[PDB]
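Chemist: Here's a structure for you.
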Ligand SMILES: Nc1ncnc2c1ncn2[C@@H]1O[C@H](COP(=O)(O)OP(=O)(O)O)[C@@H](O)[C@H]1O
Ligand code: VO4
Ligand SMILES: [Mg+2]
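Numbering (the deposited numbering), first residue to last: 2 to 396, 406 to 565, 569 to 623, 638 to 789.
Shown next as structure tokens:
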């Protein structure tokens, strides 16, 4: 206690500066800085030593005098207040969302300054991680992945774009497709991003973007993989959220000529938009450029939505310019808009119960126009559309549908059409930068981040499961495999105990008894029930740590068979299971599929082709496991994005919110491991072998281990900076620049170091 300031708990800041006045047996007595007398108690566990200079920060948290969760937090906070959003933990990068545009840190000049630079020789930056992946790709001859993680709104998508800009601008061609990988983005975001209450630009699908390289290590092309577009959003949103951006970009920015041809109007006029928020993102100027006939009553009364990045009218323009830069012609552009508008009109079709015997329903007379616009835009016969929406084929006979069923059919058609449109968009983007062969790639992974709301459904379940898989890859690669390597090599590093989540994964995906398999079972039963599925889950996993029955409120609560709590690595989430069975089924009824494949329009037909049950859950599992196989085969780098607060505002560091993210991400565990661990390593026989042919007949040439030691000394290392295992030599944090020199294989460099080594062994 003698006699310095310490860190101790604080409910909103995470930690606070205090002094140890009295020392009890199980607890200490703390006086908060500048409050003498208004003390409080804290368990000895909960109190940590502080850095002596509180206004100074370090670039790598491994450089702190005391490595702990409170000093890590403070160091991040101080850098944040100076608008420095990036900090290292050894070779892992931490990125806190600034929520404003920090001048010049992403400029061309900044890009240039990071090229070829070793980690630790420039300030922490996403560009440095990207450059590191490129350098390792060449030197190790090994494909690379950059994994960007974080909860919704933390900055994964922005940082993914920074990485892609850096690599194509630095190692591209300066010709055409260098820009194309970058310029594709606004196109994918227009179709796949939407306003949620957590992020005005939320990604509603995951992606892995690969940049492929030739053997001379120049960019030859790209490939974008995409995962599970959120479907429900297409037809209904909550009052503060929107549908995908493209719908508002079109309504706001389309020319009068296009608006008329697509028969568009203000967003309040469409069921598929009008339960959600119908306001545009716009500012004082861009609002002048949006015509009055585009503005809903909500918009005229409350004004525009504000975001420092999004602008519906401006983004429509940028999106069209992007389409042209990547080689989409005006014809293809209008084809896309036609399908979008065609989906809008489809949602405006309503039904009414029919008078006849064994009757279903008819289109309401006031729906006649929507039916007309819809059929024209999709190349369909009105009568065919009418029959496909109001009847069902089933043995040969046609069955009338009730109004609800017709509602469901209308929406199923809309979801499949929009979803196939999205697939078409991704594939068209891939055709923008194709390639025939490549040597290696650098891939950047950007998933939909961890999220939860008042009510969570199948959509959140799939998203959070994807996040759980990603954290497990992080756990496996960084915390598990690392410590096992230290042990197999004989290093004697103190085991670091960490929170593993394989059990959460097993709960979801295990054969027969995993949640996904039990759900599939229910789809295949004679009379499928959300309640039966939910009971079976609880039954099969009574007392599992990661599953729980909802708790019941006395202030509406959720019954045993109406939901469950999953304890995800990022916190517990309560899912309502209604509609889990229906949402788990991806098959489209024959009558609807056939309607579409017979469109007059080639473009429409080609979206589909050049009890049927299909599992959404299991298809997604299969895709993620293929992704996982690919990541395992690469060198992986990690960027942990952090959301500073819940209001999307700059300069509001919420200490406790941020601490919790540092804790569940495993970054606190990594910092602990780096106290005694080694982020770099190389086989010493391999080092020796690479130098051998430049070595004269001297002591150095006879003994590989002694040669490596002399090499290390000649590049400035001492005994404390490295350690020999059984087959590899390991290097401490802070020595990345020296490690790169050790690994370098340029013949002139080797010959030079040989000359120095022989002086060290004379
Ligand atoms: N480095 C950054 N610079 C400026 N703005 C940022 C940065 N990172 C995030 N943002 C802002 O945060 C919002 C949410 O970030 P995004 O990357 O969309 O989150 P997610 O992690 O869900 O992908 C962005 O639309 C942008 O306004
Ligand atoms: O708000 V995010 O792009 O993690 O879905
Ligand atoms: Mg995103």
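Note that beta-carbon positions come from the ideal geometry of N, C-alpha and C, so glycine has one too.
Quick one: grab the DSSP three-state call for residue 469.
Modeler: Stepping through the chain shown from its first residue, residue 469 is reached at position 459. Of the three classes helix, strand and coil, the one that applies to residue 469 here is helix, per DSSP.
Chemist: Using only the heavy atoms of ligand 2, determine whether one of them is closer than 6 angstroms to the beta carbon of residue 458.
Modeler: Mapped onto the chain shown, residue 458 falls at position 448. At least one heavy atom of ligand 2 is nearer than 6 angstroms to the Cβ of residue 458, so yes.
Chemist: In terms of residue numbering, what span does the alpha helix (DSSP H) encompassing residue 508 cover?
Modeler: For this step, residue 508 is matched to residue 498 along the chain shown. Run containing residue 508: none; DSSP gives neither H nor E here.
Chemist: Taking just the CA atoms, how far does residue 710 sit from residue 784?
Modeler: Taking the first residue of the chain shown as position 1, residue 784 is located at position 757. Taking the first residue of the chain shown as position 1, residue 710 is located at position 683. C-alpha separation (whole angstroms): 18 angstroms.
Chemist: Once DSSP output is grouped into helix, strand and coil, what is the label at residue 279?
Modeler: Within the chain shown, the letter at position 278 stands for residue 279. Coil, per DSSP.
Chemist: Going straight from the alpha carbon of residue 310 to that of residue 242, what length do you get?
Modeler: Position 309 of the chain shown, counting from 1, holds the residue named residue 310. Position 241 of the chain shown, counting from 1, holds the residue named residue 242. About 17 angstroms.
Chemist: With burial defined as no fewer than 16 other Cβ atoms inside 10 Å of the residue's Cβ, what is the status of residue 24: buried or exposed?
Modeler: The residue you call residue 24 lines up with position 23 of the chain shown. Its Cβ having fewer than 16 others within 10 Å, residue 24 is exposed.
Chemist: Quick one: which unbroken alpha helix (DSSP H) runs of 4-plus residues sit fully inside the stretch 318-366? Chain order, please.
Modeler: Correct list: 331-348.
Chemist: Drop a sphere of 10 angstroms on the beta-carbon of residue 84, count the other beta-carbons inside from all chains shown, and report buried for 16 or more, exposed for fewer.
Modeler: Mapped onto the chain shown, residue 84 falls at position 83. It counts as exposed.
Chemist: Using a threshold of 7 angstroms, state whether the C-beta atoms of residue 143 and residue 662 are closer than that.
Modeler: In the chain shown, residue 143 corresponds to position 142, counting from 1. In the chain shown, residue 662 corresponds to position 635, counting from 1. Yes, these two residues count as a Cβ contact at 7 angstroms.
Chemist: Cβ of residue 203 within 6 angstroms of any heavy atom in ligand 2?
Modeler: If you number the chain shown from 1, residue 203 lands on position 202. Checking every heavy atom of ligand 2 against the Cβ of residue 203, one is found closer than 6 angstroms.
Chemist: For residue 519, does the count of other Cβ atoms within 10 angstroms reach 16, so buried, or fall short, so exposed?
Modeler: The residue you call residue 519 lines up with position 509 of the chain shown. So residue 519 ends up on the buried side.
Chemist: In angstroms with no decimal places, state the Cα-to-Cα distance between residue 81 and residue 113.
Modeler: As a working mapping, residue 81 is identified with position 80 in the chain shown. As a working mapping, residue 113 is identified with position 112 in the chain shown. Looking at the two C-alpha atoms, the distance is approximately 24 angstroms.
Chemist: Give the DSSP bridge partners of residue 43, in chain order.
Modeler: Here residue 43 is taken as the residue at index 42 of the chain shown, counted from 1. Its beta-bridge partners are 29.
Chemist: By DSSP's criteria, residue 392 is part of a beta bridge. Which residues make up the other side?
Modeler: Counting from one through the chain shown, the residue named residue 392 turns up at place 391. Looking at the DSSP assignment, residue 392 forms a beta bridge with 410.
Chemist: In the DSSP output, what is residue 630 paired with across the bridge?
Modeler: No atoms are given for residue 630, which sits in the stretch of the chain between 623 and 638 that the model skips.
Chemist: Report the option in 360, 381, 186 whose CA atom is closest to the CA atom of residue 415.
Modeler: For this step, residue 415 is matched to residue 405 along the chain shown. Closest by alpha carbon: 360.
Chemist: For the pair the stretch 200-213 and the stretch 447-467, tell me if three or more CB-CB distances fall below 8 angstroms.
Modeler: Flag = yes, the stretch 200-213 and the stretch 447-467 touch.
Chemist: Could you tell me which whole beta strand (DSSP E) segments of length 3 or greater appear in the stretch 720-782?
Modeler: Runs found: 749-751, 755-758.
Chemist: Any idea which residues DSSP pairs residue 185 with across the strands?
Modeler: Taking the chain shown and counting its residues from 1, one reaches residue 185 at position 184. Paired residues: none, contrary to the question.
Chemist: Which residues in the same chain have their Cβ closer than 7 angstroms to the Cβ of residue 421, if we skip the five residues on either side of it in sequence?
Modeler: Taking the first residue of the chain shown as 1, we reach residue 421 at position 411. Closer than 7 angstroms at the Cβ level, and outside the excluded window around residue 421, lie 236.
Chemist: Measuring only from the beta carbon, is residue 57 closer than 6 angstroms to any heavy atom that is part of ligand 3?
Modeler: Position 56 of the chain shown, counted from the first residue, corresponds to residue 57. Residue 57 Cβ: outside cutoff for every heavy atom of ligand 3.
Chemist: Does the separation of the CB atoms of residue 435 and residue 192 fall below 7 angstroms?
Modeler: What you label residue 435 is simply residue 425 of the chain shown in a count that begins at 1. What you label residue 192 is simply residue 191 of the chain shown in a count that begins at 1. In contact: residue 435 and residue 192 (Cβ atoms closer than 7 angstroms).
Chemist: Find out if the Cβ-Cβ distance for the pair residue 154, residue 92 is shorter than 7 angstroms.
Modeler: Locating residue 154 in the chain shown gives position 153, where the first residue counts as 1. Locating residue 92 in the chain shown gives position 91, where the first residue counts as 1. The answer is no: Cβ separation not under 7 angstroms.
Chemist: Classify residue 49 as helix, strand or coil using the three-state DSSP reduction.
Modeler: Walking along the chain shown from the start, residue 49 turns up at place 48. Here residue 49 sits in strand by DSSP.
Chemist: Pick helix, strand or coil for residue 191, following the three-state DSSP scheme.
Modeler: Position 190 of the chain shown holds residue 191. Looking at residue 191 - three-state DSSP - the assignment turns out to be helix.
Chemist: Excluding sequence positions up to five away, which residues of its chain have a Cβ less than 8 angstroms from the Cβ of residue 566?
Modeler: Residue 566 cannot be located in this model; the chain continues from 565 straight on to 569.
Chemist: For residue 475, I'd like the list of residues in its chain whose CB is within less than 6 angstroms of its CB, leaving aside the five on either flank, ordered along the chain.
Modeler: Taking the chain shown and counting its residues from 1, the one referred to as residue 475 is at position 465. Contacts found: 518.
Chemist: Return the first residue and the last residue of the alpha helix (DSSP H) that residue 78 is part of.
Modeler: Mapped onto the chain shown, residue 78 falls at position 77. Unbroken alpha helix (DSSP H) run through residue 78: 70-82.
Chemist: What's the gap between the Cα of residue 75 and the Cα of residue 779?
Modeler: To locate residue 75, count along the chain shown from 1; it is residue 74. To locate residue 779, count along the chain shown from 1; it is residue 752. Looking at the two C-alpha atoms, the distance is approximately 44 angstroms.
Chemist: Between the C-alpha atoms of residue 790 and residue 679, what's the straight-line distance to the nearest angstrom?
Modeler: Summary: the structure shown does not reach residue 790, with the chain confined to residues 2 through 789, and so no result is reported for it.
Chemist: Taking C-alpha atoms, which residue in 757, 26, 716, 182 lies nearest to residue 441?
Modeler: Indexing the chain shown from 1 puts residue 441 at position 431. Ranking the options by Cα distance to residue 441, first place goes to 182.
Chemist: Taking the alpha carbon of residue 20 as the point to measure from, which residue in 31, 174, 266 has its own alpha carbon closest?
Modeler: What you label residue 20 is simply residue 19 of the chain shown in a count that begins at 1. Residue 20 has its Cα closest to that of 31, out of 31, 174, 266.
Chemist: Mapping the DSSP letters down to three states, classify residue 245 as helix, strand or coil.
Modeler: The residue given as residue 245 occupies position 244 in the chain shown. It is a strand residue.
Chemist: On a Cα-Cα basis, can you pick out the residue from 472, 140, 168, 642 that is closest to residue 717?
Modeler: Stepping through the chain shown from its first residue, residue 717 is reached at position 690. Measuring from the Cα of residue 717, the nearest candidate turns out to be 140.
Chemist: Tell me which same chain residues have a C-beta within less than 7 angstroms of the C-beta of residue 770, skipping the five on either side of it?
Modeler: The residue labelled residue 770 in the question sits at position 743 within the chain shown. Contacts found: 140, 709.
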